[PDB]
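Below: coords.pdb (PDB, C-alpha atoms (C1' of nucleotides))
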MODEL        1
ATOM      1  CA  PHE A   1     184.525  96.877  80.463  1.00  0.00           C
ATOM      2  CA  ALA A   2     181.985  96.341  77.652  1.00  0.00           C
ATOM      3  CA  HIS A   3     180.584  99.779  78.523  1.00  0.00           C
ATOM      4  CA  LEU A   4     184.010 101.127  79.489  1.00  0.00           C
ATOM      5  CA  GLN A   5     186.169 102.550  76.698  1.00  0.00           C
ATOM      6  CA  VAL A   6     189.798 101.755  77.451  1.00  0.00           C
ATOM      7  CA  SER A   7     192.220 103.332  74.971  1.00  0.00           C
ATOM      8  CA  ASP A   8     195.786 102.635  73.913  1.00  0.00           C
ATOM      9  CA  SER A   9     198.766 104.003  75.772  1.00  0.00           C
ATOM     10  CA  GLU A  10     200.259 107.266  74.550  1.00  0.00           C
ATOM     11  CA  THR A  11     203.896 108.014  73.688  1.00  0.00           C
ATOM     12  CA  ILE A  12     206.489 106.152  75.759  1.00  0.00           C
ATOM     13  CA  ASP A  13     209.830 107.928  75.712  1.00  0.00           C
ATOM     14  CA  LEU A  14     212.728 106.884  73.475  1.00  0.00           C
ATOM     15  CA  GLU A  15     215.532 108.331  75.624  1.00  0.00           C
ATOM     16  CA  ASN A  16     214.309 106.311  78.637  1.00  0.00           C
ATOM     17  CA  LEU A  17     215.297 102.907  77.216  1.00  0.00           C
ATOM     18  CA  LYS A  18     217.742 100.857  79.306  1.00  0.00           C
ATOM     19  CA  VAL A  19     218.589  97.156  79.058  1.00  0.00           C
ATOM     20  CA  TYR A  20     218.066  95.145  82.242  1.00  0.00           C
ATOM     21  CA  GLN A  21     218.895  91.687  83.573  1.00  0.00           C
ATOM     22  CA  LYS A  22     216.235  89.355  84.980  1.00  0.00           C
ATOM     23  CA  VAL A  23     217.313  87.776  88.268  1.00  0.00           C
ATOM     24  CA  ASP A  24     216.008  85.084  90.629  1.00  0.00           C
ATOM     25  CA  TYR A  25     214.795  85.684  94.186  1.00  0.00           C
ATOM     26  CA  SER A  26     214.933  82.204  95.738  1.00  0.00           C
ATOM     27  CA  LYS A  27     217.711  82.673  98.344  1.00  0.00           C
ATOM     28  CA  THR A  28     220.211  83.619  95.608  1.00  0.00           C
ATOM     29  CA  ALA A  29     220.585  86.237  92.875  1.00  0.00           C
ATOM     30  CA  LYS A  30     221.425  83.913  89.997  1.00  0.00           C
ATOM     31  CA  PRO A  31     221.032  85.481  86.528  1.00  0.00           C
ATOM     32  CA  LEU A  32     218.610  83.880  84.077  1.00  0.00           C
ATOM     33  CA  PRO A  33     219.383  83.200  80.397  1.00  0.00           C
ATOM     34  CA  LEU A  34     216.833  85.529  78.792  1.00  0.00           C
ATOM     35  CA  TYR A  35     217.730  89.218  78.752  1.00  0.00           C
ATOM     36  CA  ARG A  36     215.737  92.171  77.452  1.00  0.00           C
ATOM     37  CA  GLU A  37     216.033  95.884  76.802  1.00  0.00           C
ATOM     38  CA  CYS A  38     213.689  97.812  79.079  1.00  0.00           C
ATOM     39  CA  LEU A  39     212.631 101.341  80.035  1.00  0.00           C
ATOM     40  CA  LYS A  40     214.703 103.197  82.614  1.00  0.00           C
ATOM     41  CA  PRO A  41     212.997 104.587  85.749  1.00  0.00           C
ATOM     42  CA  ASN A  42     211.583 108.059  86.532  1.00  0.00           C
ATOM     43  CA  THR A  43     209.781 108.158  83.188  1.00  0.00           C
ATOM     44  CA  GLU A  44     206.304 109.680  82.909  1.00  0.00           C
ATOM     45  CA  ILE A  45     203.660 108.476  80.446  1.00  0.00           C
ATOM     46  CA  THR A  46     200.214 109.977  79.900  1.00  0.00           C
ATOM     47  CA  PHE A  47     196.819 108.625  78.819  1.00  0.00           C
ATOM     48  CA  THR A  48     193.362 109.863  77.864  1.00  0.00           C
ATOM     49  CA  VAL A  49     191.109 107.247  79.490  1.00  0.00           C
ATOM     50  CA  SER A  50     187.544 108.257  80.353  1.00  0.00           C
TER      51      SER A  50
ATOM     52  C1'   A B   1     124.796  77.467 -22.171  1.00  0.00           C
ATOM     53  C1'   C B   2     124.735  77.705 -13.738  1.00  0.00           C
ATOM     54  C1'   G B   3     120.236  85.101 -11.136  1.00  0.00           C
ATOM     55  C1'   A B   4     124.967  85.436 -14.629  1.00  0.00           C
ATOM     56  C1'   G B   5     129.858  87.589 -15.737  1.00  0.00           C
ATOM     57  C1'   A B   6     133.700  90.923 -14.194  1.00  0.00           C
ATOM     58  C1'   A B   7     135.195  93.102  -8.708  1.00  0.00           C
ATOM     59  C1'   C B   8     141.834  92.424  -3.334  1.00  0.00           C
ATOM     60  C1'   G B   9     137.509  94.716   2.595  1.00  0.00           C
ATOM     61  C1'   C B  10     141.267  97.523   0.618  1.00  0.00           C
ATOM     62  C1'   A B  11     144.063 102.772   1.377  1.00  0.00           C
ATOM     63  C1'   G B  12     146.474 106.487   5.498  1.00  0.00           C
ATOM     64  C1'   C B  13     147.957 105.568  10.935  1.00  0.00           C
ATOM     65  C1'   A B  14     154.948 104.797  15.831  1.00  0.00           C
ATOM     66  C1'   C B  15     151.423 100.641  21.674  1.00  0.00           C
ATOM     67  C1'   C B  16     153.018 105.405  22.398  1.00  0.00           C
ATOM     68  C1'   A B  17     153.485 109.904  26.344  1.00  0.00           C
ATOM     69  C1'   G B  18     155.204 111.153  31.817  1.00  0.00           C
ATOM     70  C1'   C B  19     158.040 108.205  35.821  1.00  0.00           C
ATOM     71  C1'   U B  20     165.612 108.006  40.102  1.00  0.00           C
ATOM     72  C1'   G B  21     164.904 100.633  41.646  1.00  0.00           C
ATOM     73  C1'   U B  22     164.565 104.304  45.209  1.00  0.00           C
ATOM     74  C1'   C B  23     164.123 105.195  51.023  1.00  0.00           C
ATOM     75  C1'   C B  24     166.095 103.847  56.520  1.00  0.00           C
ATOM     76  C1'   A B  25     170.538 100.875  58.453  1.00  0.00           C
ATOM     77  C1'   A B  26     178.326 101.531  61.955  1.00  0.00           C
ATOM     78  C1'   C B  27     181.184  94.582  59.220  1.00  0.00           C
ATOM     79  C1'   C B  28     179.487  95.019  64.150  1.00  0.00           C
ATOM     80  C1'   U B  29     179.582  91.956  69.253  1.00  0.00           C
ATOM     81  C1'   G B  30     182.832  89.203  73.011  1.00  0.00           C
ATOM     82  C1'   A B  31     187.693  88.041  73.836  1.00  0.00           C
ATOM     83  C1'   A B  32     196.488  90.433  78.960  1.00  0.00           C
ATOM     84  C1'   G B  33     202.384  86.678  75.939  1.00  0.00           C
ATOM     85  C1'   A B  34     201.605  85.014  80.508  1.00  0.00           C
ATOM     86  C1'   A B  35     203.357  80.885  82.547  1.00  0.00           C
ATOM     87  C1'   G B  36     209.481  77.699  86.047  1.00  0.00           C
ATOM     88  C1'   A B  37     213.189  79.832  80.070  1.00  0.00           C
TER      89        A B  37
ENDMDL
END
As structure tokens, what does this structure read like?
Amino acid sequence: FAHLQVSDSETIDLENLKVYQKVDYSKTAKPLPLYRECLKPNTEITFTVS
RNA sequence: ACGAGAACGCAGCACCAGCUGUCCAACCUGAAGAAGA
């Protein structure tokens, strides 16, 4: 990494935003208090990482 | 009633002329918002 040059991410789309619920997996799908807006699927982002 | 008396070592004259406090040098190195809210 100290000889690698990782860069930032490029543009992430604005029309691909979709709020989602966080759920539990332990033998039941009980919702959890914290929610968050997220990014909807089938979105493509690009980089320039060499 | 003195080898004496009288007699400015004084007058004119720029410590001055030319000369980059410059040249080289990355404020740089190493470091996830996860996690049982």
Q) What's the 8 Å shell around segment 6-21 of chain A, counting only C-alpha atoms (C1' of nucleotides), without same-chain residues fewer than 4 positions away, as a PyMOL selection string? A) chain A and resi 1+31-32+35-41+43-50
(Q) Once the PyMOL selection byres ((chain A) within 10 of (chain B)) has been evaluated on this model, what residues remain selected, and can you format them as a ChimeraX atom specification? (A) /A:2,32-34
(Q) To one decimal place in Å, what is the distance between atom CA of residue 29 of chain A and atom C1' of residue 34 of chain B? (A)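 Result for atom CA of residue 29 of chain A versus atom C1' of residue 34 of chain B: 22.7 Å, one decimal.
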With 6 Å of padding per side, what axis-aligned box (centre and edge lengths, Å, one decimal) covers all the listed atoms of segment 31-50 of chain A? Give it as lines of an AutoDock Vina configuration file.
center_x = 204.3
center_y = 96.6
center_z = 81.7
size_x = 45.5
size_y = 38.8
size_z = 21.7
Q: Have a look at atom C1' of residue 36 of chain B and atom CA of residue 24 of chain A and let me know their distance in Å, one decimal.
A: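 Result for atom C1' of residue 36 of chain B versus atom CA of residue 24 of chain A: 10.9 Å, one decimal.
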